[PDB]
Each structure stands twice: as structure tokens, then as C-alpha cells.
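Only one chain is shown below, in C-alpha cells, and it's the form deposited in one PDB entry.
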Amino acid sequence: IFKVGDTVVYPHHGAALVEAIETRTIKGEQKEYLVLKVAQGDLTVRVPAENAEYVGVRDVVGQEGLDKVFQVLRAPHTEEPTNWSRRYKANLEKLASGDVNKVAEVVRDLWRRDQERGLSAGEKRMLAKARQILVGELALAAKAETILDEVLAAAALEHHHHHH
């Protein structure tokens, strides 16, 4: 599917914030445009609101929280306990921690182990549990929870290195 020198379209998911909704009169009707703060924000994106299919994320998480979740999932050099019990215990606490960043460490570590060493039965179940927790915290109050779960999962497998 790939080889050195190939070009591909890479979807750079990150948080965006709706900073303004500008209203215009179009075809007799009132149609909204979003003004999005993107990339912290070095980027402003303006886009028709009916042509916008961006998955929402809860206010309590917010733009910094969301970007923080991505940063955790994509961290390249992690440390996890070598022994199963140690590893399992520390994850179990994280899932109970009430800190969604902690939950994202669990989702990330276990997704990556699944791809490389494979998972034990308990570890498989914990990954599923952690995934539901991650999503339930971010998703707005089902096809969103599914897209969000795929995006976060894709992010878990990507190691991001910044070098400006």
C-alpha cells in the first residue's frame, strides 16, 4: 500500500473553537457561517454552517482539553510498567481517576500494545472500557461516539514529533 516517496492526504485532527457565527441573506433565507479558531490559533477557518460536519466535543473539555487529549494520545516516548500486575494496577487507578488525560494514557498504551505484543483478556476488556470512558467524556449528549472513537483510536497509534 505504501513506499518511500509516496504522497498522501494526511488528516490533521485537532480542536477547533467556534468564535463567531456570521449571518448572511442567501436565496431569501438566512444562512450562517462559522468562524473557527484552529491550531491554537494560527489558523482561522471560515466555512458555511450547513456544509460543516465537525464532530462536537463537550464544553467542560473545551478546546485546550481536546488538544490536550490529542497530545496525550500521540506522545511518542511513553513509559509503562513492564510487569502485567504493575501495569494493570496503575491503569485501573487512572480509569477511576476522573482525569480524562489519565484515561487517554490507558487508551493509548493499550491500543499500541495490541498492535505490537497483543493483549491479555483483561487488558482487552480494559481497553474497551477505557475507550467508552474516553468517548463518553468528550462526545456531546452515537454515530458521533463512533467517529470520535475511530479518530481517538487512530490518534493513539500515531507518534507525533514537533520540530519548528
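Numbers for residues come from their place in the sequence shown, where the first is 1. Basically, rigid core = biggest C-alpha set you can superpose within 1.5 Å across the two forms.
Below: the form deposited in another entry, not depicted.
- After superposition on the rigid core, the C-alpha displacement between this form and the one not shown reaches 2 Å or more for just one residue among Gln132, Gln40, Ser120, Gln115, namely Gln40.
- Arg58 is among the residues whose C-alpha shifts by 2 Å or more between this form and the one not shown once the rigid core is aligned.
- An increase of at least 3 Å in the separation of the C-alpha atoms of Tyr10 and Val106 is found in that other deposited form, compared with the displayed form.
- The pair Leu66 and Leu34 is looser in that other deposited form: their Cα-Cα distance rises by no less than 3 Å compared with this form.
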